[PDB]
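J.: Got a structure here, written out as structure tokens. Questions coming.
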Amino acid sequence: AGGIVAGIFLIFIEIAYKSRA
Amino acid sequence: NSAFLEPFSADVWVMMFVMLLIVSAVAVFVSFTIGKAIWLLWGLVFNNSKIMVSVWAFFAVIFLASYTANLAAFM
């Protein structure tokens with residue numbers, strides 16, 4: 001659960017970085 | 001001369017089902033498509049967005065190997 005939540009946060013940060021690029 | 005379900009103690013099944021439900025909800029956020037999502041989760045469970053599925057697959061593989069060793073040992 002914690003890895004899924006942090007995984008969702010990491011996916012959110014990665015997607016936001018890709019969107020910023 | 002039921003050990004298969006005994007090794008899981010029925011708790012592992014419910015835990016994996018709830019975790020697969022949360023992971024399938026996260027994957028769905030990322031009708032029959034959800035069924036294919038659960039089909040993918042259970043597909044990983046028996047060992048036959050991308051990063052989460054990869055880690056989930058690794059954890060499912062480790063869980064599968066552990067389940068196999070513990071089931072053999074218990075048997």
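Numbering starts fresh at 1 for the residues of each chain in the structure tokens, the chains themselves are lettered A, B, ... in the order given, and ligands are numbered from 1 as they appear.
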Give me the residues of chain A that have any atom at most 8 Å from an atom of stretch 41-58 of chain B; for each, the nearest atom pair and the distance in Å, rounded to one decimal. Use only C-alpha atoms, sort by chain and number, and format it as a tab-separated table.

T.:
```
residue	atom	partner	partner_atom	distance
A:4	CA	B:52	CA	7.3
A:7	CA	B:52	CA	6.3
A:8	CA	B:52	CA	7.9
A:11	CA	B:49	CA	7.1
```

J.: Provide as a ChimeraX atom specification the residues of chain A at most 12 Å from chain B, counting only C-alpha atoms.

T.: /A:1-12,14-15

J.: Just N, CA and C atoms for this one: save the residues we selected as a PDB file, in the first residue's frame.

T.:
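Printed below is part_6.pdb as written:
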```pdb
ATOM      1  N   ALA A   1       0.826  -1.202   0.000  1.00  0.00           N
ATOM      2  CA  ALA A   1       0.000   0.000   0.000  1.00  0.00           C
ATOM      3  C   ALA A   1       0.864   1.256   0.000  1.00  0.00           C
ATOM      4  N   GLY A   2       1.879   1.269   0.859  1.00  0.00           N
ATOM      5  CA  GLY A   2       2.793   2.392   0.943  1.00  0.00           C
ATOM      6  C   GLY A   2       3.608   2.553  -0.324  1.00  0.00           C
ATOM      7  N   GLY A   3       3.999   1.427  -0.914  1.00  0.00           N
ATOM      8  CA  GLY A   3       4.745   1.436  -2.158  1.00  0.00           C
ATOM      9  C   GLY A   3       3.871   1.848  -3.327  1.00  0.00           C
ATOM     10  N   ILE A   4       2.580   1.557  -3.223  1.00  0.00           N
ATOM     11  CA  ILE A   4       1.623   1.927  -4.259  1.00  0.00           C
ATOM     12  C   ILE A   4       1.298   3.415  -4.184  1.00  0.00           C
ATOM     13  N   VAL A   5       1.218   3.934  -2.963  1.00  0.00           N
ATOM     14  CA  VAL A   5       0.959   5.352  -2.748  1.00  0.00           C
ATOM     15  C   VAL A   5       2.167   6.184  -3.160  1.00  0.00           C
ATOM     16  N   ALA A   6       3.349   5.749  -2.736  1.00  0.00           N
ATOM     17  CA  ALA A   6       4.590   6.416  -3.112  1.00  0.00           C
ATOM     18  C   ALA A   6       4.873   6.212  -4.595  1.00  0.00           C
ATOM     19  N   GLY A   7       4.416   5.083  -5.127  1.00  0.00           N
ATOM     20  CA  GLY A   7       4.550   4.798  -6.543  1.00  0.00           C
ATOM     21  C   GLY A   7       3.661   5.709  -7.365  1.00  0.00           C
ATOM     22  N   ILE A   8       2.495   6.033  -6.817  1.00  0.00           N
ATOM     23  CA  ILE A   8       1.569   6.952  -7.469  1.00  0.00           C
ATOM     24  C   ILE A   8       2.109   8.376  -7.416  1.00  0.00           C
ATOM     25  N   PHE A   9       2.810   8.695  -6.332  1.00  0.00           N
ATOM     26  CA  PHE A   9       3.424  10.008  -6.172  1.00  0.00           C
ATOM     27  C   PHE A   9       4.619  10.157  -7.106  1.00  0.00           C
ATOM     28  N   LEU A  10       5.401   9.090  -7.229  1.00  0.00           N
ATOM     29  CA  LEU A  10       6.550   9.078  -8.127  1.00  0.00           C
ATOM     30  C   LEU A  10       6.094   9.139  -9.579  1.00  0.00           C
ATOM     31  N   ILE A  11       4.977   8.478  -9.869  1.00  0.00           N
ATOM     32  CA  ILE A  11       4.396   8.507 -11.205  1.00  0.00           C
ATOM     33  C   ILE A  11       3.829   9.889 -11.509  1.00  0.00           C
ATOM     34  N   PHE A  12       3.306  10.545 -10.478  1.00  0.00           N
ATOM     35  CA  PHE A  12       2.760  11.890 -10.620  1.00  0.00           C
ATOM     36  C   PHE A  12       3.868  12.904 -10.873  1.00  0.00           C
ATOM     37  N   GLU A  14       6.854  12.182 -12.116  1.00  0.00           N
ATOM     38  CA  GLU A  14       7.470  11.850 -13.396  1.00  0.00           C
ATOM     39  C   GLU A  14       6.614  12.335 -14.560  1.00  0.00           C
ATOM     40  N   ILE A  15       5.298  12.217 -14.413  1.00  0.00           N
ATOM     41  CA  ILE A  15       4.371  12.666 -15.445  1.00  0.00           C
ATOM     42  C   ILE A  15       4.339  14.188 -15.520  1.00  0.00           C
TER      43      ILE A  15
END
```

J.: DSSP on the backbone, alpha helix (DSSP H) only: what residues of chain B does that give? Format it as a count of residues only.

T.: 62

J.: Could you tell me how far atom CA of residue B:3 lies from atom CA of residue B:74, in Å and to one decimal?

T.: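 Interatomic distance here is 7.4 Å.
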
J.: Pick from B:2, B:68, B:60, B:31: nearest to residue B:17, with only C-alpha atoms counted?

T.: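 The closest residue to residue B:17 is B:60.
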
J.: Rounded to one decimal place, report the atom CA of residue B:67-atom CA of residue B:36 distance in Å.

T.: 24.5 Å

J.: What does the structure give for the distance between atom CA of residue B:33 and atom CA of residue B:10, in Å to one decimal?

T.: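 A separation of 27.2 Å between them.
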